[PDB]
Every structure is written in C-alpha cells, then in structure tokens.
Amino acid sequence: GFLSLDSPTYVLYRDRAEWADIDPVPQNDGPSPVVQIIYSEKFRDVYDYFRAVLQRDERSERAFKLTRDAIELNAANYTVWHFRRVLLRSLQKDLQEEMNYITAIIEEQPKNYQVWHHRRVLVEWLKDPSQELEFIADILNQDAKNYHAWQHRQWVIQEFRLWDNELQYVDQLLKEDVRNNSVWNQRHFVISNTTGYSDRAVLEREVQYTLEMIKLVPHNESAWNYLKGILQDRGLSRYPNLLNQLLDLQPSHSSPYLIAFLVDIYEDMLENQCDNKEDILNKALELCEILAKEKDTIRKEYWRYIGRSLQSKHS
C-alpha cells in the first residue's frame, strides 16, 4: 500500500505501527552547525527513518517504499537513489513498474539529473528502449530545450541505433521553432552519425535548407551558426559562391550575423593565399570597425581583437 507524501491522510513514520521496532537516526551535524537546514517535520521524519534503514542495510519492502518518499522530498539525494537501486535488485522488483514510477517523477521534475540517470539504468537493465523516443518527445513537448531530455535522447539513439526517424522529428521541431538551438544541434548529431557531411548532395541540401531558413528569419543566430559550423570544417574559402550569395542578401536580409560571417569568410581567404590579398584585408578590417563601433558594439573587444589579429598576420 502506497501512502502518498501529499495524501491528506499521510502519517509521519514515527506515528506508523509497522515502523515502531526501529529507532530513527538523527543527522549528526556536529556540535556547532554550519549551513544547517531547519527541516520541516515531514522531511526530518522521512530522512531520520531513511538513515536508520541505510545504517542497518535493511533490504525490505518497507525500506523500498520509504526511498520513494525520501526521493519525493529531495530528488537530488543520490545516496537515496543508490539505496533504491540496491533494493530494486535485492528485492527483485518488477522493473516495468519502476519504469512507470520513473516516467511519473520525470514528468514532475524534468530538470532533475538523478531522475534521468535512474531511467537510463532501468533501460540498460531491461535492454528495452521501446518507450524512449515517445516518452522524451512528451517531455520535449513541454520544454523543447530540456538539456537532460536531449542528452537521454542522444544516448538512446546511439546505444540502440535508433537513427531512422530522427531527422524527420528534427524537421518537425524546426517547423515549430526554427530558433530552437537544441534542435539544430540534434540535426548535426543525426547527420554526422549517419551520412556524414562529406557527401556533397547532403552538404548541398543542408546549406540550401539553412540559407532558406536564414531568408525567412534573418536575425535567427542558430541557422547562421549551423551554416558556419557545417562549412568551417573544410574552410569557408573552399566555397567561392557563398561570399557573393551572402553579399546578395546585404540590402534585404542584413544583420550583424551576415557581416560577421563575411569577416569569417575573409579570415579563411587570407589564411589560404587568396587573390587580391590587400583588397580582402581592407574589406575585413572595415567590417571589424563597423561591427565594433556600430552594429555589434557588445562585442567591440572581440572585433577589435580580430582587426588587430588580421593586420598582424596579413598586413
């Protein structure tokens, strides 16, 4: 029987008949305490009883149910999580019922690290990733940028080779929010681990899609960072058309992002013995000054550093 911690008829463990045999163990905070938390009666009660069962290493059904309350009170207590995992194995607990429980607590506390690590352990134990992608998609439906949800998703996909529908899921979330950086990261994760970006048709499709996204939302930094990230590998100067194609967006779709990208192309050209070296240098230096003084003054120190760096190297 599960007496919920929030139930109106919840009773402190010290008032429970089935717990009378055991003395709760108080926390030893020393004689002159520091960072001492004045625990609520409910918290102190559960934790003094958790300490008793832990200290005596009681691998019982009652100790198992108690870890659920200790976790609900403080889901970041990794000592409790460890003992709960000892009890799951010692007591031979049904791991699918434990999956139902972890699903419920992750829904309640989706930013807690311990809950996600526990779910990974259960998936490993059961060798069953079948509910994973759908469960994660439900968390991502509430917070599309939840870092642990994306990390658990990449772990599941990589460990169980569930690559096949991920690019489609990425396309769906990018339609919902083109500015979702976690999703542009997922796009790179899928492509790099499947076809790779060396395949010319793949690269062309990716750059075209990104340029279309930049046209629709010019001030969306994620698409600009993605375009740079997928082309910086081989070097921006390796793509001669790109420069003129971005210059063709200078009046209509301009931003400090387009200007900064132009400086990035110029830096690579100067590092790869480009034609018209002094012309490229002055163009780059002009943009560094426009960025530092007018269009991106928050980054004045970076842009001045770049200007000085370019001068020092390509004078």
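So that there is no doubt, residue numbering starts at 1 and follows the sequence shown.
Visitor: For the C-alpha atoms alone, is the average B factor greater in 112-120 or in 85-93, going by the entry?
Guide: According to the PDB entry, the answer is 85-93.
Visitor: Do the C-alpha atoms of 224-232 or of 142-150 have the higher average B factor in the entry?
Guide: Mean CA B-factor is higher for 224-232.
Visitor: Of the choices 43, 50, 64, 266, which one's C-alpha carries the largest B-factor in the record?
Guide: Result of the comparison over 43, 50, 64, 266: 266.
Visitor: Looking at the entry's B-factor column for C-alpha atoms only, identify whether residue 215 ranks in the lowest, middle or highest third of its chain.
Guide: For residue 215, the deposited C-alpha B-factor lands in the highest third.
Visitor: Taking only the Cα B-factors deposited for this chain, tell me whether residue 181 sits in the lowest, middle or highest third.
Guide: It belongs to the lowest third of the chain when residues are ordered by C-alpha B-factor.
Visitor: Could you look up the Cα B-factor of residue 281 in the entry and say which third of the chain it sits in: lowest, middle or highest?
Guide: Highest third - that is where residue 281 ends up once the chain's C-alpha B-factors are sorted.
Visitor: Thinking about Cα B factors across the chain, which third does residue 249 belong to?
Guide: Highest third.
Visitor: What third of its chain's C-alpha B-factors does residue 202 belong to: lowest, middle or highest?
Guide: As the PDB entry reports it, the C-alpha B-factor of residue 202 lands in the middle third of its chain.
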